[PDB]
Every structure is written in structure tokens, then in C-alpha cells.
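Naming: A, B, ... by sequence-line order, numbering from 1 per chain.
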There are 2 protein chains.
Amino acid sequence: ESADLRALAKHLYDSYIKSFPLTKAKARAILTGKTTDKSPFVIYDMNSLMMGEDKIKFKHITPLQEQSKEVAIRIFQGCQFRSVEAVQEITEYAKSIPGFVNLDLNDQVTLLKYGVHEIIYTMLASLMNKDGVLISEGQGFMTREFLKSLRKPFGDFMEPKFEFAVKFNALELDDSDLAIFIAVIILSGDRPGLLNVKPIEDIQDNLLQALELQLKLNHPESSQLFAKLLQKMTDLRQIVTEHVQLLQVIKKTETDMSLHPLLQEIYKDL
Amino acid sequence: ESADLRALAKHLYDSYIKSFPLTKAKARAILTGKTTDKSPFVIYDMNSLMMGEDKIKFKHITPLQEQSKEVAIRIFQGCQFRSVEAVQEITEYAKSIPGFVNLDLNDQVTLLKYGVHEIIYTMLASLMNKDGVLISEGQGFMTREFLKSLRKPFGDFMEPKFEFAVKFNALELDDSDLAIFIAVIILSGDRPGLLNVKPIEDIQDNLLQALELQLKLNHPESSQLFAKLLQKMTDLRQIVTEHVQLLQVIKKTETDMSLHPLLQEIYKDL
Ligand SMILES: CCCCCCCN(CCc1ccc(OC(C)(C)C(=O)O)cc1)c1nc2ccccc2o1
């Protein structure tokens, strides 16, 4: 019954709204403008970064970075901080997915551990455009050029994410669409170490059925969007792989720096 | 009109048969036996191998390999020759894909350059089962274990292809399905360096439409098979990468071993 599917899509869309502060609809409003109601502080260079805490609230540093916590290392940890935060928000969302809590406990933990990086980059696209990404609830905007101009190692971290986002965003999906896609990502029966794949693939198929009808009704003129969206999951696993090895190099040259137990434990070159 | 899509499915299925001498239908008939006509000889060790160049035709060496062109390398040269052979067959098939020969000569070259190996591993699955792989037109069968017992580097070239084949074969696709799927693989507009992405994507969208109707008609009871097959496109990408780096190692350990020009050209670590 398409009613059961249209019911699942609304449920998911609702949990999605209650779990993620900044939505794509909202974020797009901020990136395009046409209003004064909400204009974020812009970081486009070293100096503008310092004022970061001047106008926004960051537990990072403002003054000299070289001698007291380098600039790149400080922006990196800010990314890490927001990430462990997003992980908790994704974990709560997963709980609203029909059937998720009923799965073996170890399976739930395995699905979140391997699916978190893929969902973060997916959702990150919602906050990106060709020239930059929104930060701290959308109160900020960090330039694509400023990021691409960081120290030897930290210089090529976000550029690949920007390359993916520009393409992903070309599909013009909205929150109701993304709410189901993220659910599909989480219920992946191919993660390493799963104990009972069946019930997981059973739920994903129900989510795939809901995603297809959603795209059919929401994008009548976008032929084969479903197929195209699934093809993007390939670029996500690639980005995540490339991210692991780039994260390793950081773990070899930046000894003074650390990696929170979050983006460490759920990390075994997954 | 689903009638136009069925015509495309027929066309492609027809060219596939004409382009690939060893179809999956023939391969499964040789593998599952119950035959007397097509029983393959089996290579499971250095001895059966020596006898293999007797019954089956093998332009290689029979006696000693060590100081006389090692056996591991002798087998490696065997795959190399078979791959160049497959590239030529895949190239012929491609030209039958409507619209393909009408694209910029550069894009044609690029689509073939990055799609060939993804196709080779897909079709290679047709000749595999958990225990081994058919060789030399089906006259032979080389064991998974023998292959995994070769020299340090060459010993792990095939294992991931096998691990892929066991999962991919569980979908139970037949030649008519594979004909469309391989067409879809080749016409991937997300290949590095393509000059004209749009004419390529219009072709792929039409092929995906064809694949979707084909799977629904051919596998009425296989829920979401279309989406399951597309996700398989990610396991192929990994296979290639893994292969490339392993190939880089050989390039250094054996400065006396040569690579066929056609394979060296498609390869640029991509
Ligand atoms: C219709 C039958 C077609 C042939 C079936 C068997 C194919 N096969 C290994 C498959 C293979 C294909 C490509 C590969 O990637 C290479 C390494 C080529 C690359 O792209 O670098 C790697 C492995 C094989 N191995 C043999 C050794 C000895 C004798 C015969 C053999 O046959």
C-alpha cells in the first residue's frame, strides 16, 4: 500500500526535523540571502578568523596561532567538535526509524559506526555551495578558498568534500527526500561484523520502496532520480575512504595534536 | 513507452551474445555439470598445471618454472593476455550501445578507459563459484586455493574478485540482465576528464530505464533488485583501486616482467 509508504516518509521527515537543528530549507535561505534577518559572519582569511569568537562563540583561539595552537590545527578540531556532536544527533534519528531499535544491540552500534561518516558528508552538502560552507548553526560562513589555503596537510581536506557537494546538490533534493536517503544509508547490510543482516536488509528495502515513491511524487520530471541518487552512494564511500588515509597522515605528522575518543574508536580504517 | 525499452533490452542482449563467446549461461552449464560434453580439466596444483598445458592449449611453459620463468608469473601473464582479450571484446560491445559511437572520440576513449575493468570483474563473476574460475574458453578450471597459494604478491590478486563474485552471483542475474547493466556501467558521466557530460547521461538514463523494466519483468519476485544491483557498482570501484596498488608493487619487485601496452595505457592509477 502506497499509504504505508507515504506514512513512513512523513514519520521520517518529522523525526528528521526534530533531530537536526539546521535544515536544508533553512540553510539554503541563509546561503542565497535576500534578507537581513540572518546574515552570518564571514571567515575568508586569517584575520577574519580571529574575529571568529569576536562575533561568534568558539572555545578556540583568536590571537596568534603559530606560537599558540596553529590556525589549521584549530579549525580541524572545530570540525571534530561539530562532528562528534552530529554523531549524537544522527544516533537519535536512527532510533526513530521503524525497526531500528528492535535490532541486535551490537548491530545498531555497528550500523552507526560505519554509517556516520557517509551521513555527515551527505548532510554537509546541505550547508555547502561552490564558494563555502556554513558553520555553527549557520551563524558563520567559511570560505572555500581560505580552507584550500591551509598548511601542507590540512589544505586538501575539504576540497574533495566541496567537489562532491556541488554535484550532489545539483540533484536538488529537499529535506523530505534526504530524510529517507539518510535512513537508507544507515540500514546497510554490508557493514563489516554484522550478526544478523536479514532484518536490516528487510528494513532497507522498505526504506528503498519509500524513497522511490517519494522521488516519483516529489520530482515528477526528474527521470531516474532514484537511480542517480543511489549512484552517489558510490562517491560517498570513496570520499570516506580518502578521508581515512588523509586522517592517518595527520595522525603521523601532528603528534602534538589529538583525536577525540569518538572519531577514534569508531575508526579502524573502517 | 515500455515497448521502446523492451526493444533496447533485446538489441543489447543480441550484441552481448555476438560480442562475448563465453556467456554466463554456458559457464553455469559447465560449472554445474550433469554434462559429459563440456567437462573442464582442473588445475589445483603444480602437477595438474603441468598436465594442463597438455589437454588444454596453453602458450606457456610445462616443465620447471623457477629459474625458467616462475609459475606465478606464468599464470600472471595468462590473466594479462586474457584481459587484453576481454578489453577488445568489451570495446566491440560498446560500439553497439546506441549513441556511443556518436560521442566525442575523446569521451569514447575515456568511457572505455575507466569502464573496462569494472566490466571485466562483473563478467568474471559469471565464470566463478566459491571454489574457482573457468579458464581458456571453459576448457579449464583453476582452483581458488591454488591461485591463493602463489608467490607473496601474485597470491592475493584474485581473492577479492572471488569475494565479490560470491556476493554478486547471489543476485542470480542472467545474460539478458547483464547486457543492460554493463551498458549502464560504460555510459557513466562521472568519469574523470569527460568533455561532454550531458549527451552521456541522457544515454545512461535511457539504459537505466531499460534495466529497471527488465529486472521487474525478469525478476517479479525479487524486491528492490534494481537498487541492489546499482549499489554493487560501489564494490567494483574498490576492486579496481585495490588492483591498481597491488599492480604498482609488482612494477617494482619485478623489473623484468612486462605489461601489455593496451593495459598500460588504460592504467594511469586512474
Ligand atoms: C573465457 C575465459 C576467460 C579467462 C578466464 C580466466 C581468467 N583468468 C584470471 C582472470 C583475471 C582477469 C584480469 C585480471 O586483471 C589483470 C591482472 C589482467 C589486470 O587487469 O591487471 C586478473 C585476473 C585466468 N588466469 C589464468 C592463468 C593461467 C591460465 C589461464 C588463466 O585465466
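Counting heavy atoms from C-beta outward, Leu230(B) and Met233(A) have side chains that stay 4.5 Å or more apart. No side-chain heavy atom of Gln231(A) sits less than 4.5 Å from a side-chain heavy atom of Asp190(B).
Counting non-hydrogen atoms of neighbouring residues, nucleotides and ligands closer than 6.0 angstrom, the NZ atom of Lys268(A) exceeds 12 such neighbours. In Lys10(A), the NZ atom is not crowded: 12 or fewer heavy atoms of neighbouring residues, nucleotides or ligands sit closer than 6.0 Å. Heavy-atom neighbours of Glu145(B) CD from other residues, nucleotides or ligands within 6.0 Å: at or below the threshold of 12. By the neighbour-count criterion of 12 heavy atoms within 6.0 Å, atom NZ of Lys251(A) is sparsely surrounded, having that number or fewer from other residues, nucleotides or ligands. For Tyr13(A), the OH atom is loosely surrounded, since the number of other residues' heavy atoms within 6.0 Å does not exceed 12.
Contacts of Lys228(B) with chain A are made by side-chain atoms alone, with heavy-atom separations under 4.5 Å and no backbone atom involved. In this structure, chain B has a heavy atom under 4.5 Å from the side chain of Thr241(A), while its backbone stays farther away.
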Worksheet item: Can you check side chain to side chain contact (heavy atoms under 4.5 Å, CB included) on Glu212(B) and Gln224(A), steps first, answer last?
Response: CA-CA 10 Å; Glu212(B) 178 167 54; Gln224(A) 231 38 41; 3.8 Å; yes
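Counting heavy-atom pairs closer than 4.5 Å to chain A, the top residue among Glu201(B), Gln204(B), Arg237(B) is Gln204(B). The candidate from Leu208(B), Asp205(B), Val184(B), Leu236(B) with the greatest count of non-hydrogen atom pairs under 4.5 Å with chain A is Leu208(B).
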